[PDB]
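Before any questions on how it binds or moves, here is one chain, the form deposited in one PDB entry, in structure tokens.
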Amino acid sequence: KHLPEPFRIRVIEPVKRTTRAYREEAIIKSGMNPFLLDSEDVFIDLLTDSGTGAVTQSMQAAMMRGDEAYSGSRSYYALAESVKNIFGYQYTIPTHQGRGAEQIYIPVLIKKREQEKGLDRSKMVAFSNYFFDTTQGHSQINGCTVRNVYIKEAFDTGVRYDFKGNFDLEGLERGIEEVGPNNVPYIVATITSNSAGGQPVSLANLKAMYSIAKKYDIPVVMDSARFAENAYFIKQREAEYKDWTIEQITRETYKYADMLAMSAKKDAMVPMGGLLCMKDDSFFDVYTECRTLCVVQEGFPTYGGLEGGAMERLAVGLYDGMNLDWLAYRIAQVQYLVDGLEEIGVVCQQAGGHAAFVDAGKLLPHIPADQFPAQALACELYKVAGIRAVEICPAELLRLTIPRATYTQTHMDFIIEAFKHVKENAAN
């Protein structure tokens, strides 16, 4: 059951269709890699949910009230105030997006422990329930090795579990020790756990993760692109919070980190925006230090690469993103897609918040090892219906990512029928 949209549609961007002849030539042209296809050659564009979604009327309003002031803008304060009421975090630095909160927090947090505890850079390891590609990429650019301490269940697309994104507690505790605490610059808590497919992390797990971090005085950065979807799964699956509001769960949730880095272009539903925030005074020093570096990289920490409107809009998106009907609707669409695909013998991970991971390796096991299974299917899937999706042994899963409030159930049915044509011609 696809829930009815708890909204009226208001502004649409028209899309043209393409001949089968035409997409063949597009797919060679951007040579066997959907990633480099032209937007206009794509009907249903599932490359990513990042910044590709609808906004609300209020968000659109918000864009028209920007204070474009270089230092100390009222729009900066409007944004910082949303962060205060939602996460209860006293310190806000806007950034243009995630890719860029990371470029700041990471060198600061390494320098910090370096000064205060003799972190040895050649020996430093950071931890996460699972590092996102950018978070990882940037950790390594700063010379920091990373380890994922996820739970045995997480990538096993064959079995179901309520919070597959959780931290392996034994593993994190032992990692920290084998490495030494002085050389762990930070732990990142990814909610939802993006890389296992948007698999959520429960409150009980976050609390216990934070007890360990506390015991060794390791900063905890909450990677919050999909903070709202995570809350919804907690409301839906964790017995103790069944009656909590999403806001209430967010506030409890964020007690178990020291700071947050967020690409706003996901759950907070903005075409553009990011946040790097600190909870309290204990981190004022880090906040000061991240301000300096934000200057160099984004621009003055009162806009941090955002125009006025963007800050006004984000200040509103953080609310609209947490709407209960909204989440229930968004999450069920994904769930409906996945259900739809399981029902025709296309094996998928457990449905997460924002995307449907098809185990491409299983759909075409005759298409061999080192011939990139998903890529091949993704190419075919584009060839048949004008559907763009990408994939980037753990698991090679093709990744149907759903922009928020963008496509309808008819589109979901459309992805389904296409897959049925692919599967039913997969002997190639």
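So that the term is clear: the rigid core is the largest set of C-alpha atoms that superpose within 1.5 Å between two forms. Numbering starts at 1 and runs along the sequence shown.
What comes next is about the form deposited in another entry, which is not displayed.
- Looking at 317, 200, 301, 219 after a core superposition between the shown form and the other one, you find that only 301 has a C-alpha shift of 2 Å or more.
- With the core held fixed, residue 53 shows a CA shift below 2 Å between the shown form and the other one.
- After superposition on the rigid core, the Cα atom of residue 384 is displaced by 2 Å or more between the shown form and the other one.
- If you fit the rigid core between the shown form and the other one, you'll see the Cα of residue 374 move by 2 angstroms or more.
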